[PDB]
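Each chain, written out:
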Amino acid sequence: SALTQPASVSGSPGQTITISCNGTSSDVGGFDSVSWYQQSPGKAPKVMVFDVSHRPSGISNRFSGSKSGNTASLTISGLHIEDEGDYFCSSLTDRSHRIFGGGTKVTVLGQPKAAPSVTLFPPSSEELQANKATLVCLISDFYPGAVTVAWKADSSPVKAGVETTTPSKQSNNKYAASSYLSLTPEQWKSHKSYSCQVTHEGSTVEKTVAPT
Amino acid sequence: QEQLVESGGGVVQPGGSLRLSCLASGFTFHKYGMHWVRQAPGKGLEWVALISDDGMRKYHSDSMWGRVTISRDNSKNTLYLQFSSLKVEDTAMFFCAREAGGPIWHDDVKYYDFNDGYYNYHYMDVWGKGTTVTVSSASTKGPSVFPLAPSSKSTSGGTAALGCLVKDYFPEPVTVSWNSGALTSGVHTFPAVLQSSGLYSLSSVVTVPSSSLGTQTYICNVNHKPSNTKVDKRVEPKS
Ligand SMILES: *[C@@H]1O[C@H](CO)[C@@H](O)[C@H](O)[C@H]1NC(C)=O
């Protein structure tokens with residue numbers, strides 16, 4: 001089980017952004033025990049907000065928490081460079097458990113947004129002769145560093161054999177990611193086409209390869 | 001100066017047992033509840049278990065019940081997490097988190113629980129940096145290197161993308177260079193992925209002028225110091 005959060009939220013320095021956290025009556029809607037955690041790269045998570053709207057000692061007044069029914073919200077006013085990271089909501093359960101949300105990557109825009117460049121490679125003849133097949137989807141030069149990758153065999157989607165990396169900075173401050181679809185040489189020749197579909201900031205790029 | 005330091009993590013084989021530890025300092029350990037929180041690679045925080053101050057009340061997530069056991073030694077300021085029969089899917093960072101607690105206030109009067117106990121505040125106030133558990137059956141293995149050939153599909157007008165697929169290796173450190181280091185401009189080596197096999201795979205790409213395809217030779221120099229394997233592969237365009 002998991003509370004529901006948007007995958008990516010972004011804003012310019014000084015702007016005000018909001019992160020939603022959808023739960024149920026046995027958690028978020030059941031108690032006033034919603035807490036928020038910030039996780040910076042290479043750093044331990046830290047409490048930002050607890051008991052819906054309360055701030056611990058040393059936490060900036062720019063972080064505020066709110067709740068309406070089964071939904072909790074974290075608001076960040078006057079967005080700062082140091083607020084970048086992953087934000088997780090948590091709640092107490094009616095079973096005395098703790099449930100966390102999926103997380104939200106918060107980007108404080110420091111350069112213009114860029115859509116990804118998608119290059120899809122079919123299995124090489126060298127790999128096919130080794131009785132293996134891998135479709136390689138390279139996603140590069142996008143900003144912010146959050147994308148959704150989906151594969152299709154013909155027009156139907158495929159979740160088996162898919163491995164996607166988490167975006168990482170590509171030296172020039174933009175992010176890159178890669179996704180692989182592992183098949184047997186037989187599966188590869190059994191379907192008419194294969195597609196890698198990449199979604200970034202609501203826009204989508206789809207490249208298609210065929211056994212040729 | 002309240003601290004939590006995790007230990008016990010590393011590379012372990014599936015079906016095996018594993019004990020994680022977490023040493024607390026800068027606070028009176030026995031007065032507080034303690035949690036274990038995991039984070040699978042590129043994934044979110046996931047609550048594992050909670051143990052009461054006295055170690056008498058234990059709660060485990062449904063995804064972990066039967067696999068893990070939480071315990072504590074209030075004389076040694078230590079928290080534990082014991083694994084029986086590890087699974088390749090148990091691969092994650094394990095965080096130790098203190099449950100915030102103290103007295104309940106009512107009309108400027110401090111109220112404690114039975115036997116000077118603290119009440120839980122329902123938030124995790126102190127966190128450790130984590131200990132990583134990597135479940136893999138694999139032994140040292142060198143990679144298989146395949147070309148990701150340039151074609152019209154990888155040509156973005158002026159330039160063209162080409163790469164090297166570095167498949168099924170173990171353990172983690174693989175290094176990729178292009179044209180013996182003479183090519184560094186446009187090079188990106190993606191992080192490795194840990195397949196169901198227990199082996200890693202990675203890709204390295206380079207952007208070159210479309211004019212050079214047919215004239216310039218491009219070679220990826222793959223390095224696997226743990227298996228003492230070096231592979232130099234020339235990625236040339238196909239027909
Ligand atoms: C959660 O629910 C609210 C309203 O109940 C909605 O407006 C929002 O888009 C949802 N957020 C997520 C992450 O699903």
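Residues numbered from 1 in each chain as written, not as in the entry; some residues may be left out. Chains lettered and ligands numbered in written order. Heavy atoms only, no water. Residues with missing side-chain atoms left out of burial classes, pairs and counts.

Regarding how it was determined, this PDB entry cites X-ray crystallography in its header, along with a resolution of 2.49 Å.

Draft legend 1. Expanded view of the nonpolar core. Residue and element names in this part refer to chain B. Residues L4, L20, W36, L79, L81, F94 and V133 are the most contacted members of the largest nonpolar core, which totals 26 residues. Residue assignment for this core shows that the elements contributing at least two residues are strand 3 (18-25), strand 4 (34-39), strand 5 (45-51), strand 8 (78-83), strand 9 (92-102) and strand 13 (131-135). The biggest single contributor to this core is strand 3, with 4 residues. With sequence-adjacent residues up to four places away left out, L81 is seen in contact with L18, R19, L20, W36, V48, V68, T69, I70 and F94. (Core = buried A, V, L, I, M, F, W, Y, C linked by side-chain atoms within 4.5 Å. Buried < 20%, exposed > 50% of the residue type's maximum accessible area, 1.4 Å probe, protein only. Helix = DSSP H or I, 4+ residues; strand = E, 2+ residues; numbered from the N terminus. Contact = heavy atoms within 4.5 Å.)

Draft legend 2. Layout of the interface of chain A and chain B. At the junction of the two partners, chain A supplies 40 residues and chain B supplies 44 residues. Broken down by secondary-structure element, the contributors of at least two residues to the side of chain A that touches chain B are strand 3 (34-39), strand 7 (85-92), strand 8 (98-100), strand 10 (117-121), helix 1 (125-128), strand 11 (133-142), strand 15 (168-169) and strand 16 (175-183) of chain A. For the side of chain A that touches chain B, a count of residues per class yields 16 nonpolar, 15 polar and 9 charged. (Nonpolar A, V, L, I, M, F, W, Y, C, P; charged D, E, K, R; others polar.)

Draft legend 3. Examining the state of the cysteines more closely. Residue and element names in this part refer to chain A. For the coordinates displayed, the defined rule picks out 4 disulfides over all chains. With a sulfur-sulfur separation of 2.0 Å, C21 is cross-linked through a disulfide to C89. The disulfide joining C21 to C89 has a torsion of about 75° about its S-S bond and is therefore right-handed. Note that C21 is positioned in strand 2 (residues 17-22) and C89 in strand 7, a separation of 68 residues in sequence. Assigned by exposure class, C21 and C89 land together as buried. Across a sulfur-sulfur distance of 2.0 Å, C137 and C196 are joined as a disulfide pair. Classification of the bridge connecting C137 and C196 rests on its S-S torsion, roughly -90°, and on that basis the disulfide is left-handed. Within this pair, whereas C137 is found in strand 11, its partner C196 is found in strand 17 (residues 194-200), the two being separated by 59 residues in sequence. (Disulfide = S-S within 2.5 Å.)

Draft legend 4. Representation of the site of the ligand. Residues and elements named next belong to chain A. In the vicinity of the ligand, the residues found are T4, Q5, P6, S20, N22 and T71. Interatomic distance of 3.3 Å between a side-chain N/O atom of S20 and a nitrogen atom of the ligand. Here an oxygen atom of the ligand sits 2.4 Å away from a polar atom, N or O, in the side chain of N22. Coverage of the ligand by the protein chains reaches 40% of its 370 Å² of free accessible surface. Residues belonging to the shell around the ligand are distributed by class as follows: 1 nonpolar, 5 polar and no charged. (Near = heavy atom within 4 Å. Polar contact = N/O pair within 3.5 Å; in protein donor to acceptor, adjacent residues only side chain to side chain. Areas by Shrake-Rupley, 256 points an atom, 1.4 Å probe, with all protein chains shown as cover.)

Draft legend 5. Focus on the environment of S151(B). All names here are of chain B. With respect to the element layout, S151 can be found in the loop between strand 14 (144-148) and strand 15 (155-156). A relative accessible area of 36% means that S151 is categorised as partly exposed. Taking the C-alpha atoms as reference, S151 lies 9.5 Å from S210; in sequence the two are 59 residues apart.

Draft legend 6. The arrangement of the sheet that holds strand 13 (residues 156-157) of chain A in detail. Residue and element names in this part refer to chain A. Read across the sheet, 4 strands follow the order 13-12-17-18 without closing on themselves; strand pairing throughout is antiparallel. Strand pairing shows two members of the sheet lacking a second neighbour, strand 13 and strand 18 (203-209), which therefore form its edges. Of the strand pairs in this sheet, strand 12 (residues 148-153) and strand 13 are connected by 2 bridges, and their pairing is antiparallel. Bridging from a neighbouring strand, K152 pairs with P157 of strand 13. (Pairing = 2+ DSSP bridges.)

Draft legend 7. Just the side chain of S136(B), in detail. All names here are of chain B. Relative to the elements of secondary structure, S136 occurs in the loop between strand 13 and strand 14. Within polar-contact distance, the side chain of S136 engages the backbone nitrogen of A138 at 3.3 Å. Polar contacts involving the side chain of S136 include one to the main-chain carbonyl oxygen of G198, which spans 2.7 Å. Excluding residues that lie within four positions of it along the chain, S136 makes contacts with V12, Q13, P14, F170 and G198.

Draft legend 8. Region of interest: the environment of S227(B). Residues and elements named next belong to chain B. Note that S227 resides in the loop between strand 21 (219-224) and strand 22 (229-234). Using a relative accessible area of 19% as the deciding quantity, one classes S227 as buried. Distance in space between the C-alpha atoms of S227 and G142 is 5.5 Å, their sequence separation being 85 residues. Not counting chain neighbours up to four residues away, the residues in contact with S227 comprise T140, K141 and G142. A polar contact of 2.7 Å, which involves the side chain of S227, links it to the side chain of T229.

Draft legend 9. Main features of unusual backbone geometry. Between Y143(A) and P144(A) the backbone carries a cis peptide bond, its omega angle lying at 0°. Mapped onto the elements, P144(A) comes out in the loop between strand 11 and strand 12. In this structure, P171(B) follows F170(B) across a cis peptide bond, with omega equal to -5°. Relative to the elements of secondary structure, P171(B) occurs in the loop between strand 16 (159-169) and strand 17 (175-178). If you check the backbone angles, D154(A) has positive phi at about 70° while not being a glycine. Structurally, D154(A) is set in the loop between strand 12 and strand 13. Judged by relative accessible area, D154(A) falls into the partly exposed class, the value being 31%. The backbone of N228(B) shows a phi angle near 60°, a positive value even though the residue is not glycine. By the secondary structure assignment, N228(B) is in the loop between strand 21 and strand 22.

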